[PDB]
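Mapping the sequence shown onto PDB author numbering, position 182 (from 1) lands on 186, and the numbers just tick up by one.
Using N, Cα and C, we set each Cβ at its ideal position, and we do this for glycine too.
For reference, the structure is listed below as structure tokens.
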Amino acid sequence: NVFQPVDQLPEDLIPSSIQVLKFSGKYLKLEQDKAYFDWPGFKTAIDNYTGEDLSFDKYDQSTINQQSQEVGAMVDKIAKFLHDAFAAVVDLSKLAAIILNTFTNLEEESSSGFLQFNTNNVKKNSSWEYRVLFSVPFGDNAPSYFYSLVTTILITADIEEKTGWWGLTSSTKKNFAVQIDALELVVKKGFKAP
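Pasting the structure below:
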């Protein structure tokens, strides 16, 4: 699970979600005991694919340059972007919570493979390479079809040791800089990882 499976789509679709999940998980620029999503590889891969069951339909970025803001402040912000950037899927604060939960529960969540930790030898700082795979239904108007928003969030902040981020809170303030990438897809039942 190199991404985090968040899907409000109905069961019969989840298995296809899984396939979309698996397709993406294949693009990692692993190197240095660390693994980071590979946007060029995962783009070109898409921009080639011959199929009706999977179709690229959008990309976008956003840069929240460092500043002393508090967790739940940047999160509800990140949410704003994904929401707006893709008023095609994301909506309300109902996501600002799934993200915030990750952050305030960082310690454990780390155990998983969709969170890559790394520090800067000298700047004495760190960041989190966080991958999340949102995928919701297209609607009762296209049962077979569903949305899949592959997102990659990098949170950089003036913290040094890994236990550094343990126990953060909605309120905690830090110097956070975050790059946000999210490539939206349109999938149909049956999509299988080529």
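- Restricting attention to alpha helix (DSSP H) runs no shorter than 4 residues, the segment 65 to 99 encloses them at 75 to 89, ordered along the chain.
- Excluding five sequence positions before and after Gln-73, the CB atoms of its chain that fall closer than 7 Å to its own CB belong to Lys-177, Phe-180, given in chain order.
- DSSP assignment within the segment 9 to 56 yields the following whole beta strand (DSSP E) runs of 3 residues or more, N-terminal first: 9 to 11.
- Under a 10 Å Cβ-count criterion, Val-94 is classified as buried, with 16 or more other Cβ atoms of the shown protein chains found around its own Cβ.
- Judged by beta-carbon spacing, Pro-147 lies beyond the 8 Å limit of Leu-13, meaning their Cβ atoms are not closer than that value.
- Between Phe-85 and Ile-184, the C-beta gap is smaller than 8 Å, which places the two residues in contact.
- For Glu-133, no alpha helix (DSSP H) encloses it; the enclosing beta strand (DSSP E) starts and ends at 129 to 139.
- Per DSSP, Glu-112 is one residue of the alpha helix (DSSP H) stretching across 110 to 113.
- Rounded to the nearest angstrom, the gap between the Cα atoms of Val-191 and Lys-38 is 30 Å.
- In this chain, the beta strand (DSSP E) harbouring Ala-161 covers 149 to 161.
- By the C-beta criterion, the segment 100 to 111 is judged not to be in contact with the segment 21 to 28, since fewer than 3 inter-stretch pairs fall below 8 Å.
- Sequence-distant Cβ neighbours of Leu-17 in its own chain, meaning closer than 6 Å and more than five residues away, are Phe-150.
- By the neighbour-count definition (other C-beta atoms within 10 Å, threshold 16), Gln-8 is a buried residue.
- Rounded to the nearest whole angstrom, the CA to CA distance from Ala-91 to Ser-97 is 13 Å.
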